[PDB]
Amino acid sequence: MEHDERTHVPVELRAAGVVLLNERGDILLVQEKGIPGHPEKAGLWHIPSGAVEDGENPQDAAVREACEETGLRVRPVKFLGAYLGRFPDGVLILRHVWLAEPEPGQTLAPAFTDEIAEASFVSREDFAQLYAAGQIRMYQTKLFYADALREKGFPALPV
């Protein structure tokens, strides 16, 4: 919108994920297999998310990725936000996040790969511990988890 000129900033990559909360306000997180190189790794945690195919709807991608990584069919409830990152080579990536809910009567069955060690529901209290411990890959996860808790009417994160 509106008549103030601006140039286009091409975004080569797009990712879409979800902040999936269960009835208790626990968050579904995915753990990386291990850290790249040093000690005997111990992967960090992040929200279920993946690449949006070129031209495909980001919201649908978030739903698809969530199922592919956790085995759970989820329903997008509300868009929470998108943020921008830039890889060393200059490539831009726009990450999208939706507040989602799992369809009823499902069993968590993560897709173990060279990138995913497992996935699981983590309570607000333990999430606070993970965050303080530097175990949450992207700090934005805490920001969006907080947004989701507010949206659903759940208690805020202790830390």
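Position 1 is the first residue in the sequence shown; the rest follow in order.
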{"item": "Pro110 dropped from a third or more of the other entries of this protein", "value": "no"}
{"item": "Entries skipping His38: at least a third of other ones", "value": "yes"}
{"item": "Average Cα temperature factor in the PDB entry - higher stretch of 9-17, 143-151", "value": "143-151"}
{"item": "Segment of higher mean CA temperature factor, 128-136 or 27-35", "value": "27-35"}
{"item": "Candidate set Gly50, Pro110, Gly90, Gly55 [ranked by C-alpha B-factor, highest]", "value": "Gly55"}
{"item": "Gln59 - which third its CA temperature factor falls in, relative to the rest of the chain", "value": "lowest"}
{"item": "Ranked against its chain, the third holding the CA B-factor of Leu94", "value": "lowest"}
{"item": "Entry-reported Cα temperature factor of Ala42, expressed as the chain third it lands in", "value": "highest"}
{"item": "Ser123 CA temperature factor, ranked by third within the chain", "value": "lowest"}
{"item": "Entry-reported Cα temperature factor of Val74, expressed as the chain third it lands in", "value": "middle"}
